[PDB]
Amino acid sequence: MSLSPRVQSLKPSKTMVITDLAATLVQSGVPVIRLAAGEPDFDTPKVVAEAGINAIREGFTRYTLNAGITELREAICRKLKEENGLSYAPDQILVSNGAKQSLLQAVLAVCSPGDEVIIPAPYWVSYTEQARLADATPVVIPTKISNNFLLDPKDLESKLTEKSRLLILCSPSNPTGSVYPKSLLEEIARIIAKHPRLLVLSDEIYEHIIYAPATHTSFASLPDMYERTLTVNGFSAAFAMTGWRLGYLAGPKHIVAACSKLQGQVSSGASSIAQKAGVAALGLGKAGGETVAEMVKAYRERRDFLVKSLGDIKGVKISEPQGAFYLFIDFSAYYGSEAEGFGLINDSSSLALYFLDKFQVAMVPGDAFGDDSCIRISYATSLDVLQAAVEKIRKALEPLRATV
């Protein structure tokens, strides 16, 4: 009848909205090029799928420990040691139904009403809303495509207040594909250390989707940052396990125990089947081994195809991504254009709608990520689909003019 004010004012995830719009259009017989959700074209690796199948076959279908099965949490600690140089005990790991839930629980457990959550823009669409679910206050810090959308520490200093409680860092980034260098992280950490109440939420789900010579640095590995950092990772992106629903949190014992307690009242311990598939995934070796190296090579090739293709287009500004499977494309020079049969294109929403309604390409408008000057394309899908999309994007813009 009359929804709670928090849920009433909650913004829908535009990523979910557009993806489900595209899926529904396709299913009703309208072909749509789907570049919204970051969903790999690859199958789950054979050995991972076999582990899940074997779990079902051997009756591994009962409730697990809330925090996750012992074998998985131990494998996760081995991963964090070997890949990230971090030391956790198995009771500092909380396994959830994907990283989105891992993130939400972390926010809810450490943020009190009125606490400020500091979020660099462009940001993954759910960070601001999860903060509002906690009665917290999002503090967005804009970044510049000229600075590869990386947080400027001076801007961080200028936004700190007594109410500052949580800084969210996403690297490699969704939507920009930026990778934070160690040097910049070390500077940010020095700011964090001077403020006793300040925690860092480090979202590292795209860790293995990284292109040489970029390298990934876990924020929790920096000086004084271990006791301050909640580390969220998962299986969706690296191992093409999006439909399995499996992610995890690692951090200080007292915070992980509060998240676990919260998870005990909001869900039971992730799927028993997915957790077994998870230990097979981690069994693949350091950084997912050659299984993941093959997927990364493919993503890197799709990346290069897109940067070349769209980059050449008049007015288009691109930050060449260093990780993840997203291009955050600046088409803002086209804003103000009048497209025949459609109308005014003056922001990312109307541009994305134009691409979708007239050329059947589904992308996510930058405004959902806190930056209206850009559009997000996922290149997790096939090269064939990406080539088709580029031809249509070219056609789509041929009628409009780029400002100078």
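Don't overthink the numbering: it's just position in the shown sequence, from 1.
The stretch with the higher mean CA B factor, choosing between 146-154 and 229-237, is 146-154.
For the two regions 215-223 and 316-324, the entry's Cα B-factors average higher over 316-324. Take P252, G283, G177, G311 and read off each C-alpha B-factor from the entry; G311 has the highest.
Of the candidates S28, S378, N54, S349, it is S28 whose Cα B-factor is highest according to the PDB record. Placement of the Cα temperature factor of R245 within the chain: middle third of the modelled residues, per the deposited record. In this PDB entry, the Cα temperature factor of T24 sits in the middle third of its chain's modelled residues.
Ranked against the other modelled residues of its chain, the C-alpha B-factor of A368 as given in the entry falls in the highest third. Sort the modelled residues of the chain by CA B factor and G278 lands in the lowest third. Among the modelled residues of its chain, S112 has a C-alpha B-factor that falls in the highest third according to the deposited record.
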